[PDB]
2 protein chains.
Amino acid sequence: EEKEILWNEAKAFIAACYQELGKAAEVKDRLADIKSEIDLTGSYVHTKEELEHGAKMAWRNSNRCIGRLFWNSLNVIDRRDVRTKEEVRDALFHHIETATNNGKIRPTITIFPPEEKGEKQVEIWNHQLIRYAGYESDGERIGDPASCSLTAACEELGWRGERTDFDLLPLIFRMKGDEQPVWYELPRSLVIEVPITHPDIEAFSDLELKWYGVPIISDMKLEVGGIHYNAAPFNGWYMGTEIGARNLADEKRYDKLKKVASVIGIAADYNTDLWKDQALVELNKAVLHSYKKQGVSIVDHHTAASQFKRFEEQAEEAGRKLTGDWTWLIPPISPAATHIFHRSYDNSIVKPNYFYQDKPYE
Amino acid sequence: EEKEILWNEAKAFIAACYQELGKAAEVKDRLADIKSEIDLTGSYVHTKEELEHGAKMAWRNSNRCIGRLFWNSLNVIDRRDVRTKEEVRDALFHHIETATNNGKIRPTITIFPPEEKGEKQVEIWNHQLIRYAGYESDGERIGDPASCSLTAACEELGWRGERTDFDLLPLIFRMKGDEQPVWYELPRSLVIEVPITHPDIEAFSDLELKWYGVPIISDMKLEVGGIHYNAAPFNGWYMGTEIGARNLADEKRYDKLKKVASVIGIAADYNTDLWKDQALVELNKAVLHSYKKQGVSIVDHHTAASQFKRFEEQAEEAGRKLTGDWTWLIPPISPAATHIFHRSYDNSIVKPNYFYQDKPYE
Ligand code: HEM
Ligand code: HEM
Ligand SMILES: Nc1ccc2ccc(CNCCCc3cccnc3)cc2n1
Ligand SMILES: Nc1ccc2ccc(CNCCCc3cccnc3)cc2n1
Ligand SMILES: C[C@H](O)[C@H](O)[C@H]1CNc2nc(N)[nH]c(=O)c2N1
Ligand SMILES: C[C@H](O)[C@H](O)[C@H]1CNc2nc(N)[nH]c(=O)c2N1
Ligand SMILES: [Cl-]
Ligand SMILES: [Cl-]
């Protein structure tokens, strides 16, 4: 059964991938090799080219991503050879290092061994490789509430944060065979952080806000041709709204808008004064300014929307069907000022793709 | 066939309406009367109570409306007795007058005779009873582009606008029997307009912006118990975003953001400066301030979202199933600062309701 489902998904993928690669004649003698290897071993092993392209095809089919224009420039690191947790850790250290690239962020993905027969070889617990801790205990709310569950889990394993609002969580992953995950504190030298300042409001630094340079998502399942790479951390760069309008703005996150309104000198008393809307703008201007000022990659929601329109045009030009999630594609500030708002998208799921998976903690 | 569809819809409605009215025992001797009247006449006639409540039930089931909290305070004017176009016109004049209420807007709906056997008795061409004209001719873009089609149609019938950016369109409707619609110029005394000013930027008046006080939608089909009131203009008050973020902001409408950015003293050169977002806020602050300053009803998107949450709570409290359109319920500015963004809604269509219908023009 599980041998059949793999064969069907692989037939669809290899045909399409080789179709796009210009190896349409190589499809047949490859499917045979797979047809045998599947029957004999239970699974098949991707070539370096299929996997590189499969990871690019998966980003392209991410209905919720606004930055899909550059799907083909994705730097794919093939780490299916890792066996030890010192290799996993070093590869994760290297990913941070090479994806960061001194501030000029390279969209990168590191691919670890996939599930054999549903069995994970490596199991990453981090949502993102770089992420702040969160603490909730008796009136105490410190750090990122979104990180509360993982933080408690890490503290169950011997780790202790300094309990600042910006404690770097450790890397925490579990190898096949071991009962508990291991954890490694992140070298500070490898992590770029950006202090949030404002172009013309010098009082803005009094908020002492900051965020990390590179968002490296590490808890999603890359699925390529019936093969489940449950451990494949990828990254791009930030769209400013993710930080300025959600991470630092949400009440169930950092909840900084009243503080922003105070330092930008406006009152937070009346809804009719639109202080939340005004604070959201100056904070988001601050995030973009701070990242540019340091030399770290970032895009604003308008430029990103322009780029995504090109992706729509590129897709149409290629005879490729477009898929997208409107509810996720629209930016959380001024969405009506983007073309995304004024058209619809087909939220159908095409593989290869990236999927959510259950947390090993909680 | 058309006799059956009416009977099914009526059975569902009468049962439910009387259920809510506390006349659950009166359901049976009423359905009989309908069962006969349908068989003998092809249709049935609503009582003054069912229609009043049916129009309130229809507003409640509008998945896209954020102001549904006050569905029960809807003022229903029963004008199913109109036979002449001087009665239709006067009723429309009266609707404007009583709904406006010197600035303290009453949510009102005027109900005209419904379709007999698919045949319209009255056919209103106006999108809204009060709306500005739009002109596009050889580089000329004057007024509201959204009104271009209707405006041209009105000018085909002897009407001529002064070709300002804010020409009041005439009322234009067609009576059963007549080939062409008639038109009547609106008495200026009945129309409240609001000049857009800014609380602290005196240069804002240089834009010479204004909008009308009351949005009275007149091209939607009210459906109550298999009965199609194709002519039932209704109104509430404006949520500020409709004017400040869409009507006056969209490029395919009034397209005023660069002009707003100029008068509020910021540059419109870089996306990273978030000038569209900043202009959208000050313009929207201007709209709310201008309406309050004059004494015309208006609500901001935050207060409206708070009210809609109460509607959600009121519905849950009543054992009533909630339906809603997330893509339309979220406001076009700072939507993530509202609870609407962070939950989902069932976009199922429940009757009674309001529906789009084909334009007699274009
Ligand atoms: C190049 C820079 C990129 C930008 C600016 C970008 C932008 C975004 C944004 C803003 C989101 C919404 C996230 C949220 O609201 O929480 C998103 C979602 C997503 N992006 Fe991208 N993205 C980029 C690169 C990538 C890359 C390299 C991949 C993977 C190969 C990817 C795959 C996805 C996926 C899977 C989601 C959905 C995540 C979810 O379900 O929460 N994107 N993208
Ligand atoms: C009390 C004040 C009201 C407010 C503030 C309000 C707010 C809104 C808003 C903002 C929209 C979205 C319109 C758009 O984006 O174009 C909307 C849609 C709608 N509202 Fe309301 N509304 C109110 C009263 C009413 C009333 C009295 C009715 C009818 C009885 C109604 C029925 C609807 C319907 C049918 C739509 C959907 C129209 C469409 O499909 O374009 N609302 N409402
Ligand atoms: N710039 C980018 C690129 C890719 C991204 C991929 C994923 C995400 C976030 N997805 C998970 C959101 C769910 C969540 C998790 C924790 C706290 N709140 C919400 C962002 C990306 N950004
Ligand atoms: N405050 C309110 C209350 C009720 C409303 C009902 C309808 C509308 C607008 N619906 C039609 C939008 C489609 C359109 C038409 C012309 C130009 N652009 C878009 C607003 C309401 N507002
Ligand atoms: C209910 C809704 O799907 C949910 O709140 C979504 C809305 N759209 C979103 N869009 C983005 N980019 N990110 C999000 O977290 C969400 N949340
Ligand atoms: C494609 C999408 O449905 C369309 O652009 C909608 C989005 N949500 C909206 N929401 C409101 N309130 N008004 C609108 O006109 C629209 N337009
Ligand atoms: Cl993030
Ligand atoms: Cl309107």
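Quick note: numbers below take in every heavy atom, side chains included, and nothing from hydrogens, waters or symmetry partners. Just so you know, ligand 1 is whichever comes first in the structure, and atom 1 is the first atom listed for that ligand. So you know, we letter chains A, B, ... as the sequences are listed, proteins then strands, and number each from 1.
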Handout entry: From A/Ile77, A/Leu222, A/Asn75, residue fulfilling side chain to side chain contact (heavy atoms under 4.5 Å, CB included) relative to A/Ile109
Key = A/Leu222

List, for ligand 4, each N/O atom that has a protein N/O partner under 3.5 Å away, with both atom names and the distance.
{"unit_1": "ligand 4", "atom_1": "1 (N)", "unit_2": "B/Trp237", "atom_2": "O", "d": "2.7"}
{"unit_1": "ligand 4", "atom_1": "1 (N)", "unit_2": "B/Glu242", "atom_2": "OE2", "d": "2.8"}
{"unit_1": "ligand 4", "atom_1": "22 (N)", "unit_2": "B/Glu242", "atom_2": "OE1", "d": "2.7"}
{"unit_1": "ligand 4", "atom_1": "22 (N)", "unit_2": "B/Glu242", "atom_2": "OE2", "d": "3.3"}

Exercise for the section: Evaluate whether atom CZ of A/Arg64 has more than 12 neighbouring non-hydrogen atoms of other residues, nucleotides or ligands under 6.0 angstrom away. Expected result: yes

Practice task
May I have all residue pairs that pass salt bridge (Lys or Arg N to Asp or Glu O under 4.0 Å) and include part of residues 125-135 of chain A, sequence neighbours excluded?
Solution key: none

Problem - Check: B/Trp211/B/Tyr238 side-chain N/O donor and acceptor closer than 3.5 Å - result: yes

Could you list the donor-acceptor pairs under 3.5 angstrom formed by side chains in residues 243-250 of chain A, with sequence neighbours left out?
{"unit_1": "A/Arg246", "atom_1": "NE", "unit_2": "A/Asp250", "atom_2": "OD1", "d": "3.1"}
{"unit_1": "A/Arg246", "atom_1": "NE", "unit_2": "A/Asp250", "atom_2": "OD2", "d": "3.0"}
{"unit_1": "A/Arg246", "atom_1": "NH2", "unit_2": "A/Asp250", "atom_2": "OD2", "d": "2.9"}
{"unit_1": "A/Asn247", "atom_1": "OD1", "unit_2": "A/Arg253", "atom_2": "NH1", "d": "3.1"}
{"unit_1": "A/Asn247", "atom_1": "OD1", "unit_2": "A/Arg253", "atom_2": "NH2", "d": "3.4"}
{"unit_1": "A/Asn247", "atom_1": "ND2", "unit_2": "A/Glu242", "atom_2": "O", "d": "3.4"}

Handout entry: Listed once per pair and sorted, the side chain to side chain donor-acceptor pair (under 3.5 Å) pairs that draw on residues 295-305 of chain B, sequence neighbours left out
Key = A/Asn271-B/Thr303, A/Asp277-B/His301, A/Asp277-B/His302, B/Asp300-B/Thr303

